[PDB]
>>> print(open('my_file.cif').read())   # mmCIF, C-alpha atoms
data_work
loop_
_atom_site.group_PDB
_atom_site.id
_atom_site.type_symbol
_atom_site.label_atom_id
_atom_site.label_comp_id
_atom_site.auth_asym_id
_atom_site.auth_seq_id
_atom_site.Cartn_x
_atom_site.Cartn_y
_atom_site.Cartn_z
ATOM 1 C CA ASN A 49 -36.378 64.428 10.955
ATOM 2 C CA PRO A 50 -35.264 60.780 11.051
ATOM 3 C CA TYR A 51 -36.330 60.350 14.662
ATOM 4 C CA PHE A 52 -39.674 61.890 13.616
ATOM 5 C CA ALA A 53 -39.921 60.192 10.216
ATOM 6 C CA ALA A 54 -41.797 57.424 12.044
ATOM 7 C CA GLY A 55 -44.842 59.574 12.786
ATOM 8 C CA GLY A 56 -45.613 59.670 9.085
ATOM 9 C CA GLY A 57 -45.221 55.911 8.848
ATOM 10 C CA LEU A 58 -47.548 55.332 11.790
ATOM 11 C CA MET A 59 -50.104 57.674 10.203
ATOM 12 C CA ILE A 60 -49.723 55.772 6.921
ATOM 13 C CA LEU A 61 -50.255 52.374 8.524
ATOM 14 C CA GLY A 62 -53.174 53.788 10.512
ATOM 15 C CA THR A 63 -54.817 54.963 7.300
ATOM 16 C CA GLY A 64 -54.120 51.466 6.012
ATOM 17 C CA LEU A 65 -55.776 50.019 9.102
ATOM 18 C CA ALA A 66 -58.860 52.166 8.502
ATOM 19 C CA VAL A 67 -59.034 51.192 4.818
ATOM 20 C CA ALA A 68 -58.549 47.522 5.745
ATOM 21 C CA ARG A 69 -61.204 47.621 8.474
ATOM 22 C CA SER A 70 -63.646 49.378 6.105
ATOM 23 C CA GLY A 71 -62.850 47.043 3.165
ATOM 24 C CA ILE A 72 -62.615 44.003 5.505
ATOM 25 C CA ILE A 73 -66.085 44.854 6.960
ATOM 26 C CA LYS A 74 -67.470 45.221 3.388
ATOM 27 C CA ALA A 75 -65.984 41.791 2.454
ATOM 28 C CA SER A 76 -67.544 40.190 5.590
ATOM 29 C CA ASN B 49 -39.210 56.540 17.030
ATOM 30 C CA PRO B 50 -39.247 53.976 19.855
ATOM 31 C CA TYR B 51 -39.856 56.619 22.502
ATOM 32 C CA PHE B 52 -42.695 57.877 20.263
ATOM 33 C CA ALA B 53 -43.934 54.460 19.126
ATOM 34 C CA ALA B 54 -46.272 54.616 22.133
ATOM 35 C CA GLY B 55 -48.383 57.441 20.716
ATOM 36 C CA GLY B 56 -49.619 55.096 18.018
ATOM 37 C CA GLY B 57 -50.419 52.449 20.606
ATOM 38 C CA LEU B 58 -52.359 54.914 22.745
ATOM 39 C CA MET B 59 -54.291 56.041 19.658
ATOM 40 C CA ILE B 60 -54.983 52.386 18.826
ATOM 41 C CA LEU B 61 -56.277 51.568 22.298
ATOM 42 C CA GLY B 62 -58.310 54.783 22.279
ATOM 43 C CA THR B 63 -59.971 53.736 19.032
ATOM 44 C CA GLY B 64 -60.558 50.407 20.750
ATOM 45 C CA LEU B 65 -62.106 52.223 23.698
ATOM 46 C CA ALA B 66 -64.450 54.099 21.360
ATOM 47 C CA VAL B 67 -65.445 50.912 19.518
ATOM 48 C CA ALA B 68 -65.961 49.124 22.849
ATOM 49 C CA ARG B 69 -68.036 51.961 24.315
ATOM 50 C CA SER B 70 -70.151 52.129 21.127
ATOM 51 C CA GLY B 71 -70.533 48.318 20.892
ATOM 52 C CA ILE B 72 -70.889 48.012 24.708
ATOM 53 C CA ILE B 73 -73.691 50.665 24.659
ATOM 54 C CA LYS B 74 -75.404 48.773 21.779
ATOM 55 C CA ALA B 75 -75.176 45.494 23.790
ATOM 56 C CA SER B 76 -76.672 47.218 26.891
#
>>> encode(input="my_file.cif", output="structure tokens")
Amino acid sequence: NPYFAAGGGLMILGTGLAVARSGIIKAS
Amino acid sequence: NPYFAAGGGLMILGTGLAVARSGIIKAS
């Protein structure tokens, strides 16, 4: 679990990257 | 985590490859 609790964090920050790219593109 | 922190980087550069192929095709 703790060695593989980072996959969820990378998925979370990747969803954040997609929301930021989408929202960032809308702002631009 | 650090042994598997490369899966996120490969996914990132693969998304970059898709954006570059899409954008590169548009430029061509």
>>> closest_residue(input="my_file.cif", among="A:73, A:66, A:54, A:60", to="chain B", atoms="only C-alpha atoms")
A:54
>>> resolve_selection(input="my_file.cif", expression="the PyMOL selection byres ((chain A) within 12 of (chain B))", output="list in words")
residues 49, 50, 51, 52, 53, 54, 55, 56, 57, 58, 59, 60, 61, 62, 63, 65 and 66 of chain A
>>> axis_aligned_box(input="my_file.cif", around="range 53-70 of chain A", padding_each_side="4 Å", output="AutoDock Vina command-line options")
--center_x -51.8 --center_y 53.9 --center_z 8.8 --size_x 31.7 --size_y 20.7 --size_z 16.0
>>> build_atoms(input="my_file.cif", residues="range 51-62 of chain B", atoms="N, CA, C and O atoms", output="PDB file, in the coordinates of the input")
ATOM      1  N   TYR B  51     -39.270  55.855  21.412  1.00  0.00           N
ATOM      2  CA  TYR B  51     -39.856  56.619  22.502  1.00  0.00           C
ATOM      3  C   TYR B  51     -41.242  57.118  22.113  1.00  0.00           C
ATOM      4  O   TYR B  51     -42.125  57.247  22.969  1.00  0.00           O
ATOM      5  N   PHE B  52     -41.441  57.389  20.822  1.00  0.00           N
ATOM      6  CA  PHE B  52     -42.695  57.877  20.263  1.00  0.00           C
ATOM      7  C   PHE B  52     -43.476  56.809  19.505  1.00  0.00           C
ATOM      8  O   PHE B  52     -44.445  57.143  18.815  1.00  0.00           O
ATOM      9  N   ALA B  53     -43.085  55.542  19.612  1.00  0.00           N
ATOM     10  CA  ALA B  53     -43.934  54.460  19.126  1.00  0.00           C
ATOM     11  C   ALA B  53     -45.099  54.158  20.054  1.00  0.00           C
ATOM     12  O   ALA B  53     -45.952  53.335  19.702  1.00  0.00           O
ATOM     13  N   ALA B  54     -45.158  54.800  21.216  1.00  0.00           N
ATOM     14  CA  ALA B  54     -46.272  54.616  22.133  1.00  0.00           C
ATOM     15  C   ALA B  54     -47.459  55.515  21.827  1.00  0.00           C
ATOM     16  O   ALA B  54     -48.576  55.206  22.260  1.00  0.00           O
ATOM     17  N   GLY B  55     -47.251  56.623  21.114  1.00  0.00           N
ATOM     18  CA  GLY B  55     -48.383  57.441  20.716  1.00  0.00           C
ATOM     19  C   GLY B  55     -49.329  56.697  19.794  1.00  0.00           C
ATOM     20  O   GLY B  55     -50.553  56.803  19.920  1.00  0.00           O
ATOM     21  N   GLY B  56     -48.776  55.914  18.869  1.00  0.00           N
ATOM     22  CA  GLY B  56     -49.619  55.096  18.018  1.00  0.00           C
ATOM     23  C   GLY B  56     -50.370  54.029  18.790  1.00  0.00           C
ATOM     24  O   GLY B  56     -51.538  53.758  18.509  1.00  0.00           O
ATOM     25  N   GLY B  57     -49.725  53.431  19.792  1.00  0.00           N
ATOM     26  CA  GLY B  57     -50.419  52.449  20.606  1.00  0.00           C
ATOM     27  C   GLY B  57     -51.523  53.048  21.456  1.00  0.00           C
ATOM     28  O   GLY B  57     -52.587  52.442  21.620  1.00  0.00           O
ATOM     29  N   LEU B  58     -51.296  54.248  21.999  1.00  0.00           N
ATOM     30  CA  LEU B  58     -52.359  54.914  22.745  1.00  0.00           C
ATOM     31  C   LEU B  58     -53.513  55.309  21.831  1.00  0.00           C
ATOM     32  O   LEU B  58     -54.680  55.186  22.216  1.00  0.00           O
ATOM     33  N   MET B  59     -53.217  55.758  20.608  1.00  0.00           N
ATOM     34  CA  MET B  59     -54.291  56.041  19.658  1.00  0.00           C
ATOM     35  C   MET B  59     -55.052  54.772  19.293  1.00  0.00           C
ATOM     36  O   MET B  59     -56.282  54.791  19.157  1.00  0.00           O
ATOM     37  N   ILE B  60     -54.340  53.656  19.153  1.00  0.00           N
ATOM     38  CA  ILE B  60     -54.983  52.386  18.826  1.00  0.00           C
ATOM     39  C   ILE B  60     -55.922  51.964  19.948  1.00  0.00           C
ATOM     40  O   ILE B  60     -57.082  51.606  19.713  1.00  0.00           O
ATOM     41  N   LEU B  61     -55.434  51.994  21.188  1.00  0.00           N
ATOM     42  CA  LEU B  61     -56.277  51.568  22.298  1.00  0.00           C
ATOM     43  C   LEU B  61     -57.396  52.568  22.560  1.00  0.00           C
ATOM     44  O   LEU B  61     -58.437  52.193  23.097  1.00  0.00           O
ATOM     45  N   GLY B  62     -57.211  53.838  22.191  1.00  0.00           N
ATOM     46  CA  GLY B  62     -58.310  54.783  22.279  1.00  0.00           C
ATOM     47  C   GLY B  62     -59.387  54.523  21.241  1.00  0.00           C
ATOM     48  O   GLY B  62     -60.581  54.652  21.526  1.00  0.00           O
TER      49      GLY B  62
END
